[PDB]
């Protein structure tokens, strides 16, 4: 049982060569600037990632007025913390409640809120998750060790347009008067996709 189509299958043995050849071609024609590309890689390797979303969640947990602004205008709300831009131009924040569990997917490709979560993990972009999330959310969630109560509605949001979604997870019990900082440590990338819950203290 090798990985075949789940996002983690081995690439072709010569892929690095092909990539290097294309890169040189594009530099030689003057289509791309290597120094600029390095800044792009650095941005997504070191500066943009789930910690951003975690601050947004934590702030909404401790600040009701911010939470309301965030839920009314996601893009402006996350911008208050300095997050904005590519693949996050039109954000919609999805609030989990005791009645509703939200989760999102891009069945058609890989659409995901880069400014708050960074680049998507391989599984999010692959056929297993994408195909099954819209038909059997509970079955998929169970594979993540998440069992939603039978009585709790699961809302799956398919990212088919230019809106990007982020889940605002429910605040774990027993975290009274935690600092935003300590709250943010509880917020996993999974809890913001909807495929997990925040850490319980």
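Numbering follows the first chain given and starts at 1.
**Q** Averaging only over Cα atoms, indicate whether 123-131 or 79-87 has the higher B-factor in the PDB entry.
**A** The recorded data point to 79-87.
**Q** As stated in the PDB record, which stretch has the larger average Cα B-factor, 100-108 or 70-78?
**A** If you average the C-alpha B-factors of 100-108 and of 70-78, the larger mean comes out for 70-78.
**Q** Per the entry's Cα B factor values, which of 166, 40, 163, 65 stands out as the maximum?
**A** Of the candidates given, the C-alpha B-factor peaks at 65.
**Q** Highest Cα B-factor in the deposition, which of 155, 59, 51, 29?
**A** Of 155, 59, 51, 29, 29 has the highest C-alpha B-factor.
**Q** Please place residue 188 in the lowest, middle or highest third of its chain by C-alpha B factor as given in the entry.
**A** Middle third.
**Q** Would you check the entry's CA temperature factor for residue 198 and let me know if it's in the chain's lowest, middle or highest third?
**A** Its C-alpha B-factor belongs to the middle third of this chain's values.
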